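Here the protein sequences come in this chain order: A and B. Just add 7 to wherever you are in the first sequence, counting from 1, and you've got the working numbering. Just add 395 to wherever you are in the second sequence, counting from 1, and you've got the working numbering. For reference, the structure is listed below as structure tokens.
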Amino acid sequence: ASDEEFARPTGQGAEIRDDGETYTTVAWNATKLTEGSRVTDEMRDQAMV
Amino acid sequence: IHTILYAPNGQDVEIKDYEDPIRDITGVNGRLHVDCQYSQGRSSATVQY
Ligand SMILES: [Mg+2]
Ligand SMILES: [Mg+2]
Numbered sequence: 008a009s010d011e012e013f014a015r016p017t018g019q020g021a022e023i024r025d026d027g028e029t030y031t032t033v034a035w036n037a038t039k040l041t042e043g044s045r046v047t048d049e050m051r052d053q054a055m056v
Numbered sequence: 396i397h398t399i400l401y402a403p404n405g406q407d408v409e410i411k412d413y414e415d416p417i418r419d420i421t422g423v424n425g426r427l428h429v430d431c432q433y434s435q436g437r438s439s440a441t442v443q444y
């Protein structure tokens, strides 16, 4: 949404003027971050951890 | 002597208040449709100076 603005001084019986909320956007992308590792089944067994 | 009154809505004089929220004014308006006709103009005599 656009920022807060100010009302204006107006004559009696005069038309109230339009200053409605105006919009824009911020685009998102979303980059895929990835990480991997591999462990041999023999060492999955043998390690003390 | 017939006073013929016509209204698209109801029968009598149509008087309405309304508000203009763009200008902050109350309008008061009145309307009526009317005609007057004799059925027998012989049934009336005017007095003349
Ligand atoms: Mg303003
Ligand atoms: Mg503005």
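Ideal Cβ positions, reconstructed from N, Cα and C, are used throughout, including at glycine.
Limits of the unbroken alpha helix (DSSP H) element including A/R51
Under the DSSP assignment, A/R51 falls in the alpha helix (DSSP H) whose first and last residues are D48 to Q53.
What is the rounded straight-line gap between the Cα of A/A34 and the Cα of B/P416?
Looking at the two C-alpha atoms, the distance is approximately 38 Å.
For a quick check, are the C-beta atoms of B/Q432 and B/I399 less than 9 Å apart?
Contact: yes.
Rounded to whole angstroms, how far is the Cβ of A/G18 from the Cβ of B/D419, which I believe are closer than 8 Å?
The Cβ separation is near 10 Å, so there is no contact.
Could you tell me whether any non-hydrogen atom of ligand 1 is closer than 8 Å to the CB of A/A37?
Because no heavy atom of ligand 1 lies under 8 Å away, the Cβ of A/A37 does not count as near it: no.
May I have all residues whose beta carbon comes closer than 7 Å to any heavy atom of ligand 2, sorted in chain order?
Selection output, chain order preserved: A/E12 and A/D26.
Can we count A/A34 as close to ligand 1, meaning its CB is less than 8 Å from some heavy atom?
No.
Does the CB of A/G27 have a neighbour CB from chain B at under 9 Å?
Judged by the 9 Å Cβ criterion, A/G27 is not in contact with chain B.
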